[PDB]
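One structure is given here, and the rest of the page talks about it.
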Amino acid sequence: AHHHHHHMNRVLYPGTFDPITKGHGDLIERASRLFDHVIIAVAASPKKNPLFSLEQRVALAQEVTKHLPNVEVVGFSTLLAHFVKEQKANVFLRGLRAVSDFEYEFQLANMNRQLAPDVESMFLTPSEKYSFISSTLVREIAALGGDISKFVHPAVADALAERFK
Amino acid sequence: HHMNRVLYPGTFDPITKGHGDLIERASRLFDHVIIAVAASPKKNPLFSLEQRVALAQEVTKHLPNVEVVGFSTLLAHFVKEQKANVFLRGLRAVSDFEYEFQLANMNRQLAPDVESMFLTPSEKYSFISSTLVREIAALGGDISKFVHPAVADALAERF
Ligand SMILES: CC(C)(COP(=O)(O)OP(=O)(O)OC[C@H]1O[C@@H](n2cnc3c(N)ncnc32)[C@H](O)[C@@H]1O)[C@@H](O)C(=O)NCCC(=O)NCCS
Ligand SMILES: CC(C)(COP(=O)(O)OP(=O)(O)OC[C@H]1O[C@@H](n2cnc3c(N)ncnc32)[C@H](O)[C@@H]1O)[C@@H](O)C(=O)NCCC(=O)NCCS
Ligand SMILES: [Ca+2]
Ligand SMILES: [Cl-]
Ligand SMILES: [Cl-]
Ligand SMILES: [Cl-]
């Protein structure tokens with residue numbers, strides 16, 4: 001089956017975003033210009049014991065992206081393969097970086113294709129300037145009182161400052 | 001809305017079921033897919049550019065929105081001639097990741113408004129190598145599991 005009008009893709013960008021970084025933000029900007037709708041899907045990830053609560057991670061992601069006209073931020077505690085269908089999304093968006101865990105990305109892709117075969121797995125690459133930022137290293141630098149303003153949006157930096165003192 | 005145009009560059013010597021699987025997925029996702037067949041003279045392609053173009057067309061002729069064009073120029077210049085805003089690349093577990101990042105990053109310098117986008121083909125086809133297809137064919141091996149029937153016939157005729 002096919003049609004000849006504009007294909008409206010709804011792209012879902014899943015992650016823990018603990019916290020969202022300039023790396024994520026750069027990727028979201030690029031996705032926003034390329035696609036019709038972009039859904040930031042913040043997973044509970046309770047077994048990752050996130051520093052920030054789910055609602056706060058969602059709130060930070062919304063604040064970082066509120067200026068974009070076609071971006072929505074939603075938290076979810078369920079299986080990604082089911083959530084993507086609840087969200088009527090047809091593409092998984094993932095960040096691809098020189099330091100990405102390539103082995104893990106392909107197990108994730110192959111397995112979600114088994115669970116949701118009609119949802120495409122797609123990778124964008126972030127700016128070289130931000131491609132090496134790690135959410136984990138941001139938390140560790142912040143807890144030891146490091147300047148994280150170069151890695152995260154100012155609101156995330158403030159949330160981190162309040163979080164540790 | 002407007003019709004976005006997506007460019008899928010490569011040498012396609014020859015196009016394989018791996019490329020074909022990626023093209024099918026791109027076809028469902030995007031308004032217009034342009035298969036950009038690069039001349040690639042320093043790779044000494046087995047097939048001429050015209051032959052590579054013709055096979056890619058024959059293999060994708062059934063799709064609603066896929067067009068095949070050969071080019072000898074700089075990819076960063078060709079994409080603007082073709083009015084495309086996306087480079088589409090195949091990402092596989094055995095992909096040459098170091099090369100893909102140098103390529104995407106250098107083209108980002110030359111054509112900043114063109115995104116590099118990676119799709120994954122079906123697991124069943126992700127390990128096919130154009131080079132290994134040529135070598136198997138030159139030695140009279142069965143390549144029907146790796147390429148479209150039109151491509152298999154052309155490889156046998158060449159050898
Ligand atoms: C949430 C999932 C996808 C794990 O993702 P992850 O932990 O890696 O999230 P993280 O916040 O680290 O990053 C998310 C995305 O941003 C990308 N990106 C990440 N870091 C950067 C960075 N500096 N710069 C640019 N882009 C980046 C990542 O590659 C990823 O695409 C997975 O655990 C999941 O699907 N959870 C939902 C529950 C579920 O369904 N589990 C079964 C999974 S099959
Ligand atoms: C043609 C270019 C893009 C190189 O592409 P490449 O050498 O990888 O050709 P090849 O046919 O092997 O593959 C092309 C594309 O198919 C993808 N794909 C390749 N193999 C497979 C496979 N089994 N399965 C699924 N997908 C695949 C590749 O990842 C790539 O995206 C590059 O040399 C180029 O830009 N040429 C134009 C002139 C130019 O601009 N040169 C300067 C370099 S910027
Ligand atoms: Ca039609
Ligand atoms: Cl991390
Ligand atoms: Cl450009
Ligand atoms: Cl090859």
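Within each chain, counting starts at residue 1; across the structure tokens, chains are named A, B, ... in the order shown, with ligands numbered 1 upward in that order.
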
Using only C-alpha atoms, I'd like a table of the residues in chain A that come within 7 Å of chain B; for each, show the closest atom pair and its distance in Å rounded to one decimal, ordered by chain and ascending number, as a Markdown table.
| residue | atom | partner | partner_atom | distance |
| --- | --- | --- | --- | --- |
| A:6 | CA | B:3 | CA | 6.0 |
| A:7 | CA | B:30 | CA | 6.1 |
| A:98 | CA | B:101 | CA | 6.9 |
| A:106 | CA | B:93 | CA | 6.5 |
| A:121 | CA | B:119 | CA | 6.4 |
| A:122 | CA | B:119 | CA | 4.9 |
| A:123 | CA | B:118 | CA | 4.9 |
| A:124 | CA | B:117 | CA | 5.3 |

task: Around ligand 4, at most 6 Å away and counting only C-alpha atoms and all ligand atoms, which residues are there? Put them as an MDAnalysis selection string, please.
output: chainID A and resid 134:136

task: Rank nothing, just name the residue among B:68, B:103, B:34, B:59 nearest to ligand 2, using only C-alpha atoms and all ligand atoms.
output: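 Smallest distance to ligand 2 is found for B:103.
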
message: Excluding residue 45 (chain A) and its own-chain neighbours fewer than 6 positions away, which residues fall within 12 Å of it when counting only C-alpha atoms? Please give them as a count of residues only.
response: 16

- request: Select from region 36-144 of chain B everything DSSP, run on the backbone, classes as strand (DSSP E or B), then give the selection as a VMD selection string.
  value: chain B and resid 36 to 38 66 to 71 86 to 90 115 to 119

Go ahead and save the residues from that selection, with C-alpha atoms, as a compact mmCIF listing (two decimals), in the first residue's frame.
# COMPACT_ATOMS: atom_id res chain seq x y z
CA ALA B 36 22.61 8.24 -5.80
CA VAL B 37 24.99 5.88 -7.60
CA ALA B 38 28.54 7.27 -7.31
CA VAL B 66 12.31 5.72 -5.67
CA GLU B 67 14.47 7.21 -8.39
CA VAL B 68 18.02 6.25 -9.40
CA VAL B 69 20.56 8.79 -10.67
CA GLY B 70 24.27 8.34 -11.35
CA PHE B 71 26.77 11.05 -10.43
CA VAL B 86 18.99 14.06 4.07
CA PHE B 87 21.85 11.64 3.48
CA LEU B 88 20.54 8.14 4.15
CA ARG B 89 23.09 5.54 5.26
CA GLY B 90 22.84 1.88 6.21
CA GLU B 115 21.33 15.66 7.91
CA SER B 116 23.03 12.27 7.90
CA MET B 117 20.47 9.65 8.89
CA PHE B 118 21.02 5.96 9.64
CA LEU B 119 18.53 3.15 9.14

query: Between CA of residue 151 (chain A) and atom 26 (N, counted along the ligand's line) of ligand 1, what is the spacing in Å?
result: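 Going from atom 26 (N, counted along the ligand's line) of ligand 1 over to CA of residue 151 (chain A) covers 11.6 Å.
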
- line: Judged by only C-alpha atoms and all ligand atoms, the minimum distance to ligand 5 among B:128, B:139, B:155, B:79 is found for B:79

Chain A near ligand 3 within 10 Å: what's each residue's closest atom pair and its distance in Å to one decimal, counting only C-alpha atoms and all ligand atoms, ordered by chain then ascending residue number, as a tab-separated table?
residue	atom	partner	partner_atom_place_in_ligand_line	distance
A:1	CA	ligand 3	1 (Ca)	8.6
A:2	CA	ligand 3	1 (Ca)	6.4
A:3	CA	ligand 3	1 (Ca)	6.0
A:4	CA	ligand 3	1 (Ca)	6.5

message: What does the list of residues within 7 Å of ligand 2 look like if you count only C-alpha atoms and all ligand atoms, written as a ChimeraX atom specification?
response: /B:8-13,15-16,18-19,21-22,38,40,72-76,88-92,95,103,106-107,121,125-130

Please produce a file of the residues just selected, as a compact mmCIF listing (two decimals), in the first residue's frame, where the atoms kept are N, CA, C and O atoms.
# COMPACT_ATOMS: atom_id res chain seq x y z
N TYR B 8 20.13 8.55 -1.07
CA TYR B 8 20.78 7.35 -0.57
C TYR B 8 22.02 7.08 -1.41
O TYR B 8 21.95 6.38 -2.43
N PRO B 9 23.19 7.58 -1.01
CA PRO B 9 24.38 7.46 -1.84
C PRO B 9 25.15 6.17 -1.63
O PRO B 9 25.20 5.61 -0.54
N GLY B 10 25.79 5.73 -2.71
CA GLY B 10 26.64 4.56 -2.61
C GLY B 10 27.19 4.19 -3.97
O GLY B 10 26.86 4.80 -4.99
N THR B 11 28.06 3.19 -3.95
CA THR B 11 28.68 2.66 -5.16
C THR B 11 27.82 1.61 -5.85
O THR B 11 27.79 1.56 -7.09
N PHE B 12 27.12 0.77 -5.08
CA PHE B 12 26.18 -0.23 -5.58
C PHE B 12 26.78 -1.10 -6.68
O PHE B 12 26.29 -1.18 -7.81
N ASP B 13 27.84 -1.82 -6.30
CA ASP B 13 28.63 -2.63 -7.21
C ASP B 13 28.67 -4.08 -6.72
O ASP B 13 29.73 -4.56 -6.29
N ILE B 15 24.13 -3.48 -6.35
CA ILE B 15 23.09 -3.36 -5.34
C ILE B 15 22.71 -4.78 -4.88
O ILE B 15 22.68 -5.73 -5.67
N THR B 16 22.51 -4.94 -3.58
CA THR B 16 22.21 -6.24 -3.00
C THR B 16 20.88 -6.20 -2.28
O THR B 16 20.26 -5.15 -2.11
N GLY B 18 20.55 -6.42 0.77
CA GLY B 18 20.73 -5.52 1.89
C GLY B 18 20.35 -4.09 1.53
O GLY B 18 19.57 -3.45 2.26
N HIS B 19 20.91 -3.56 0.42
CA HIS B 19 20.50 -2.24 -0.05
C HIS B 19 19.01 -2.20 -0.34
O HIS B 19 18.32 -1.24 0.01
N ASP B 21 16.59 -3.94 0.98
CA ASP B 21 15.79 -3.88 2.19
C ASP B 21 15.77 -2.47 2.77
O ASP B 21 14.71 -1.97 3.20
N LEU B 22 16.93 -1.80 2.80
CA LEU B 22 16.98 -0.43 3.28
C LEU B 22 16.12 0.51 2.43
O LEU B 22 15.43 1.38 2.98
N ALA B 38 27.29 6.54 -7.10
CA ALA B 38 28.54 7.27 -7.31
C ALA B 38 29.44 6.54 -8.28
O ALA B 38 29.64 5.32 -8.17
N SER B 40 32.71 6.52 -8.50
CA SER B 40 33.73 5.87 -7.68
C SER B 40 34.90 5.25 -8.46
O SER B 40 35.21 4.06 -8.29
N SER B 72 29.04 11.76 -10.88
CA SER B 72 30.50 11.72 -10.82
C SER B 72 31.09 12.85 -10.01
O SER B 72 32.31 12.91 -9.85
N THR B 73 30.25 13.74 -9.49
CA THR B 73 30.66 14.96 -8.81
C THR B 73 30.76 14.74 -7.29
O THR B 73 30.53 13.66 -6.76
N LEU B 74 31.11 15.81 -6.59
CA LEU B 74 31.18 15.78 -5.14
C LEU B 74 29.78 15.56 -4.57
O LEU B 74 28.84 16.28 -4.93
N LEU B 75 29.67 14.60 -3.63
CA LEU B 75 28.37 14.31 -3.03
C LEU B 75 27.78 15.58 -2.42
O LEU B 75 26.61 15.89 -2.65
N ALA B 76 28.61 16.35 -1.71
CA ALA B 76 28.12 17.57 -1.08
C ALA B 76 27.56 18.57 -2.10
O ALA B 76 26.69 19.37 -1.75
N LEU B 88 20.96 9.39 3.53
CA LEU B 88 20.54 8.14 4.15
C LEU B 88 21.69 7.14 4.07
O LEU B 88 22.24 6.91 2.99
N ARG B 89 22.02 6.53 5.21
CA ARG B 89 23.09 5.54 5.26
C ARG B 89 22.62 4.29 5.99
O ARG B 89 21.82 4.36 6.92
N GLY B 90 23.14 3.14 5.56
CA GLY B 90 22.84 1.88 6.21
C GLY B 90 23.75 1.61 7.39
O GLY B 90 24.98 1.60 7.25
N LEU B 91 23.15 1.34 8.53
CA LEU B 91 23.87 1.06 9.75
C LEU B 91 23.59 -0.39 10.13
O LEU B 91 22.42 -0.78 10.26
N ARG B 92 24.66 -1.17 10.25
CA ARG B 92 24.61 -2.60 10.53
C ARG B 92 25.59 -2.88 11.66
O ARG B 92 26.49 -2.08 11.93
N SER B 95 28.94 -2.59 10.48
CA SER B 95 29.24 -1.36 9.77
C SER B 95 30.61 -0.84 10.17
O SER B 95 31.10 -1.04 11.28
N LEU B 103 32.86 10.47 7.51
CA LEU B 103 32.04 10.86 6.38
C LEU B 103 30.96 11.84 6.78
O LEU B 103 30.82 12.93 6.20
N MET B 106 32.54 15.24 8.01
CA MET B 106 33.11 16.08 6.96
C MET B 106 32.02 16.63 6.04
O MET B 106 32.08 17.80 5.64
N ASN B 107 31.01 15.82 5.71
CA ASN B 107 29.91 16.33 4.89
C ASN B 107 29.09 17.38 5.64
O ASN B 107 28.54 18.29 5.01
N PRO B 121 18.89 -2.24 8.33
CA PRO B 121 18.19 -3.23 7.51
C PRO B 121 17.80 -4.43 8.37
O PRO B 121 18.20 -4.57 9.52
N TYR B 125 19.54 -9.59 6.27
CA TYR B 125 20.34 -9.09 5.17
C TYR B 125 21.52 -8.24 5.62
O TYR B 125 22.31 -7.80 4.76
N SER B 126 21.67 -8.00 6.92
CA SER B 126 22.62 -6.98 7.38
C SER B 126 24.08 -7.37 7.15
O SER B 126 24.94 -6.49 7.20
N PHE B 127 24.38 -8.65 6.93
CA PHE B 127 25.76 -9.11 6.80
C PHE B 127 26.21 -9.26 5.35
O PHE B 127 27.31 -9.73 5.10
N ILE B 128 25.37 -8.91 4.38
CA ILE B 128 25.74 -9.08 2.99
C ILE B 128 26.77 -8.02 2.62
O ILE B 128 26.65 -6.85 2.99
N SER B 129 27.82 -8.45 1.91
CA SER B 129 28.87 -7.55 1.45
C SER B 129 28.90 -7.53 -0.07
O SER B 129 29.02 -8.59 -0.70
N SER B 130 28.83 -6.34 -0.64
CA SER B 130 28.98 -6.20 -2.08
C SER B 130 30.28 -6.84 -2.56
O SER B 130 30.29 -7.57 -3.56

- request: May I ask for the distance between CA of residue 24 (chain A) and CA of residue 68 (chain A), given in Å to one decimal place?
  value: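 One can read the CA of residue 24 (chain A) to CA of residue 68 (chain A) distance as 13.9 Å.
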
query: Which of these residues is nearest to ligand 5, using only C-alpha atoms and all ligand atoms: B:150, B:83, B:144, B:157?
result: B:83

task: Could you please determine the separation between CA of residue 97 (chain A) and atom 36 (N, counted along the ligand's line) of ligand 1 in Å, to one decimal place?
output: 19.3 Å

task: Give the answer as one residue: which of B:141, B:45, B:112, B:149 has the shortest atom-to-atom distance to ligand 6, using only C-alpha atoms and all ligand atoms?
output: B:45

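The list of residues with at least one atom within 10 Å of residue 100 (chain A), based on only C-alpha atoms and without residues fewer than 5 positions apart in the same chain, reads residues 95, 105, 131 and 132 of chain A.
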